């Protein structure tokens, strides 16, 4: 059936994982029958700003390879004026797809994923990137590890079928930090990613993001910035987890906990 050549290396297409804006992802095999994911981007009719954002995303992905194995591997790539191919490490399943099909998450699993997420995001912060759009879909489960897939630089959407890609009703403000919303009139910092990570852990803890129940988007944004609107933190066995969540979801980012401090938190450091 179909092949893709990248830097002269031939890859046969096992299957298509999804589509995007003008994008496709495929599971492929090399000549030794080792599996990879190839992202294809059609550059035809794409503007400098999008090109530049992909160029910049690739440069960062490329550079940060060496710094953390909680970043998706970029084995190789090919860029012309007409297209991009990126040869990347293939995963098992994204975190959102995984969480959506899980009844309840094992406490140990949750903690372990939490550590992976902190480390990946810590890495990008150390190279001056604030992602600013973190959600479960930005993480891929690989060998039982979470790996960050993108840096929020590229104007890309993670792979899905035709109906989802053309669905105007996807794109949540459920993970959006208060300081971004008050920005609207640079409030965004590494603390913004802490809030979003906090919403992911909260989800993995209580089965919903903090404001998921507010269905009107404008109402939801109103609740996110409203200090008087209390976030519920139901008592749970893991008191360290409960604390983490309270520390990540402080509306004032100066009061909000940082990543280096999350990495020294009991929830992360003390076992059983």
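Positions refer to the first chain, counted from 1.
- Where residue 185 is followed by residue 186 in the displayed chain, the model omits 4 to 9 of the deposited residues that sit between the two.
- Higher mean CA temperature factor, per the PDB entry, when comparing 232 to 240 with 44 to 52: 44 to 52.
- Two stretches are in play, 164 to 172 and 90 to 98, and the higher mean C-alpha B-factor belongs to 164 to 172.
- The PDB entry gives the largest Cα B-factor of the residues 124, 140, 105, 118 to 105.
- In the PDB entry, the Cα temperature factor peaks, among 39, 70, 246, 32, at 32.
- Per-chain ranking of the deposited C-alpha B factor places residue 256 in the lowest third.
- Residue 157: CA B factor lies in the highest third for its chain, per the PDB record.
- Residue 227 sits in the highest third of its chain by CA B factor, as recorded in the PDB entry.
- The PDB entry assigns residue 14 a C-alpha temperature factor belonging to the highest third of its chain's modelled residues.
- Compared with the other modelled residues of the chain, the Cα B-factor recorded for residue 149 ranks in the middle third.
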